[PDB]
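Below is one structure, written out as structure tokens; comments come after it.
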Amino acid sequence: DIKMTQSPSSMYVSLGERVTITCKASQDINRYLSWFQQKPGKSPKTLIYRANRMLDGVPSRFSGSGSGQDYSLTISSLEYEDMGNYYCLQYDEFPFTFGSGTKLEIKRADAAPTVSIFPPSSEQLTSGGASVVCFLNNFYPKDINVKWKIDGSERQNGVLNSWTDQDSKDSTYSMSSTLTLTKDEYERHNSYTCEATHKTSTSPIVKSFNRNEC
Amino acid sequence: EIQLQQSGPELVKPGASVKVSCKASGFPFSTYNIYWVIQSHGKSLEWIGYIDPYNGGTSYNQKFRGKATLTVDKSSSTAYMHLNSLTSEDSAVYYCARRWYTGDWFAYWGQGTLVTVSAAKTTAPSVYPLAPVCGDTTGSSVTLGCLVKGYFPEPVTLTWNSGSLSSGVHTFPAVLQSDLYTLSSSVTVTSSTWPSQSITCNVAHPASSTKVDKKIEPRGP
Ligand SMILES: [Zn+2]
Ligand SMILES: [Zn+2]
Ligand SMILES: [Zn+2]
Ligand SMILES: [Zn+2]
Ligand SMILES: [Zn+2]
Ligand SMILES: [Zn+2]
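As given, the protein sequences belong to chains A and B, one line each in that order.
Under the numbering used here, think of the first position of the first sequence as 2, with each following residue one higher.
Under the numbering used here, think of the first position of the second sequence as 5, with each following residue one higher.
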């Protein structure tokens with residue numbers, strides 16, 4: 002089998018900057034090297050074939066180069082729509098070999114999260130469960146920590162966290178945190194709090210509610 | 005229009021078999037071929053095999069030669085991939101792709117078929133509206149939520165106002181726990197929009213043929 006090494010695995014790049022991604026094959030592949038872009042939930046799309054040949058419908062800022070074992074994809078000036086994943090492909094011999102991929106993420110100014118907290122719905126309570134949900138929307142950078150507290154006491158069990166991909170329109174990130182309790186455990190306590198620690202603030206951003214206040 | 009269209013998502017048991025299809029339409033005469041690709045976890049891709057007279061006929065990646073069988077209905081240009089000896093590692097998105105010869109490149113790809121290999125039971129989701137905390141609104145903007153809890157298998161689709169409310173929407177990837185997925189979505193609109201105007205989250209879970217609408221209502225005492 003022909004093996005491939007692609008680098009970097011990820012990178013942060015500003016708008017208008019020159020991006021280079023490289024790929025090394027374990028043997029001479031005679032420039033049978035193609036480059037692909039893949040956006041979230043979508044199929045791969047060819048950018049370049051036979052190492053440097055370009056395609057109608059692919060913007061001129063994309064170019065490829067190399068020969069023998071060593072190849073590179075260049076974006077001469079990064080644009081918002083270039084956010085996504087990129088793969089090289091050797092097709093000198095089948096089985097063809099994709100690189101491990103490069104995640105391209107865009108730099109922006111730091112941004113504090115917008116935090117919203119949601120008590121259990123009446124429907125879920127009637128069914129016997131109690132999920133508390135906290136949204137942390139539109140923050141940057143990606144690194145964030147969420148802590149739940151009940152009656153002032155941190156709770157770590159029963160929490161599920163999920164992060165979006167980089168926002169395709171403002172380059173921020175969002176995350177959702179769900180604390181799932183039984184209805185009776187929910188009813189044995191009064192104050193429910195989700196707090197976010199982030200680079201944009203020395204102190205956490207705290208959203209709280211009381212199980213009976215309005 | 006020139007396109008490849010694959011069959012819908014699957015749930016199949018360990019040790020069983022599955023057959024997915026890929027229909028080609030609009031292509032020029034005398035150019036039929038098909039290649040099949042697997043992508044796990046939205047990350048690495050690998051090639052399973054192909055049917056292509058210009059590349060030597062029908063061939064398999066050694067890794068998949070035992071379990072995969074590629075066939076084609078040449079009349080309708082429909083490709084089929086049959087996989088057996090299914091294991092959890094076969095849970096993945098499967099793509100078809102067609103080589104376009106001029107140089108050549110993989111000019112057309114199918115939209116992918118999600119296959120889940122699991123013995124766990126299909127489970128329709130509970131869908132819960134998330135209204136803000138009880139009380140007067142504090143600010144010029146308001147964020148509502150929809151919670152889609154305890155379903156199996158993937159996928160689910162979620163919209164707000166049947167898709168007409170699209171900006172300000174953040175729908176989060178599902179997270180799997182104890183053979184059950186949970187997904188949520190937040191939407192943010194100006195205070196003068198809600199509750200003045202109706203906002204509803206629409207959830208579909210194809211495995212259970214579920215389609216549910218939950219209107220977001222202001223909380224009570
Ligand atoms: Zn430009
Ligand atoms: Zn605290
Ligand atoms: Zn957004
Ligand atoms: Zn307790
Ligand atoms: Zn169409
Ligand atoms: Zn079979």
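Idealized CB from N, CA, C, for every residue including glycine.
Is the beta carbon of residue i sitting closer than 8 Å to the one on residue j?
i               : j               : result
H174 of chain B : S189 of chain B : yes
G17 of chain A  : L56 of chain A  : no
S117 of chain A : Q125 of chain A : no
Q7 of chain B   : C100 of chain B : no
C150 of chain B : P133 of chain B : yes
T201 of chain A : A113 of chain A : yes
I52 of chain B  : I38 of chain B  : no
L34 of chain A  : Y81 of chain A  : no
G167 of chain B : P129 of chain B : no
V207 of chain B : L162 of chain B : yes
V119 of chain B : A96 of chain B  : yes
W149 of chain A : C195 of chain A : yes
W36 of chain A  : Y87 of chain A  : yes
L15 of chain B  : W40 of chain B  : no
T35 of chain B  : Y105 of chain B : yes
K27 of chain B  : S80 of chain B  : yes
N165 of chain B : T197 of chain B : no
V20 of chain A  : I107 of chain A : no
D2 of chain A   : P96 of chain A  : yes
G85 of chain A  : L74 of chain A  : no
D111 of chain A : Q70 of chain A  : no
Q38 of chain A  : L48 of chain A  : yes
Tell me which residue opens and which closes the alpha helix (DSSP H) that residue i is part of.
i               : result
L118 of chain B : That residue, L118 of chain B, is in no alpha helix (DSSP H); its beta strand (DSSP E) goes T117 to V121.
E124 of chain A : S123 to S128
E188 of chain A : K184 to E188
Any heavy atom of ligand 5 inside 7 Å of the beta-carbon of residue i?
i                      : result
residue 226 of chain B : Residue numbering for chain B in the displayed model covers 5 to 225; residue 226 of chain B lies beyond these limits and cannot be assessed.
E196 of chain A        : no
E5 of chain B          : yes
DSSP three-state label for residue i, please.
i                      : result
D83 of chain A         : helix
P205 of chain A        : strand
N213 of chain A        : coil
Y193 of chain A        : strand
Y72 of chain A         : strand
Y36 of chain B         : coil
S190 of chain B        : strand
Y92 of chain A         : coil
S25 of chain B         : strand
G65 of chain A         : strand
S166 of chain B        : helix
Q9 of chain B          : strand
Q201 of chain B        : coil
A131 of chain A        : strand
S178 of chain A        : strand
residue 228 of chain B : Given a span of 5 to 225 for chain B in the structure shown, any question on residue 228 of chain B remains unanswerable.
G30 of chain B         : coil
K153 of chain B        : strand
For residue i, is the beta carbon positioned less than 7 Å from some heavy atom of ligand 1?
i              : result
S78 of chain A : yes
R62 of chain A : yes
The beta strand (DSSP E) that contains residue i, what's its start and end?
i                      : result
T115 of chain A        : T115 to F119
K104 of chain A        : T103 to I107
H209 of chain B        : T204 to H209
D217 of chain B        : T214 to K219
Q181 of chain B        : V179 to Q181
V16 of chain B         : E14 to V16
residue 277 of chain B : As displayed, chain B neither begins before 5 nor continues past 225, which places residue 277 of chain B out of reach and without an answer.
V59 of chain A         : Note, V59 of chain A: premise wrong, no beta strand (DSSP E); not H, not E.
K46 of chain A         : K46 to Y50
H45 of chain B         : Looking at the DSSP string, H45 of chain B is not in any beta strand (DSSP E), and its letter there is neither H nor E.
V173 of chain B        : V173 to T175
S196 of chain B        : Premise fails: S196 of chain B is in no beta strand (DSSP E) and is neither H nor E.
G61 of chain B         : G61 to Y64
Using a threshold of 7 Å, is the CB atom of residue i nearer than that to any non-hydrogen atom of ligand 3?
i                      : result
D168 of chain A        : yes
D185 of chain A        : no
residue 224 of chain A : In this structure chain A extends from 2 to 215, so residue 224 of chain A is not present and cannot be described.
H174 of chain B        : yes
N139 of chain A        : yes
Report whether the distance from the Cβ of residue i to the nearest heavy atom of ligand 6 is below 7 Å.
i              : result
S21 of chain B : yes
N88 of chain B : yes
Hey, would you say the C-beta of residue i is under 7 Å away from at least one heavy atom of ligand 4?
i               : result
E188 of chain A : no
Is residue i a contact residue of ligand 7, with contact defined as CB to any heavy atom under 7 Å?
i               : result
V207 of chain A : As for ligand 7, it is missing from this structure, which binds only ligand 1, ligand 2, ligand 3, ligand 4, ligand 5 and ligand 6.
Let me check you understand the geometry: is the CB of residue i closer than 7 Å to at least one non-hydrogen atom of ligand 2?
i               : result
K27 of chain B  : no
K150 of chain A : yes
Using a C-beta cutoff of 8 Å, does residue i count as contacting chain D?
i              : result
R32 of chain A : This model lacks chain D altogether, as its protein chains are A and B.
In chain order, each beta strand (DSSP E) run of at least 3 residues that lies wholly inside the segment 68-151 of chain B: 72-77, 82-87, 96-105, 108-113, 117-121 and 130-134
Starting from the N-terminal side, write out each stretch of the alpha helix (DSSP H) that is 4 residues or longer and does not extend beyond the segment 133-176 of chain A. none
In chain order, which continuous runs of the alpha helix (DSSP H) of length 4 or greater are located wholly inside the segment 2-34 of chain A? none
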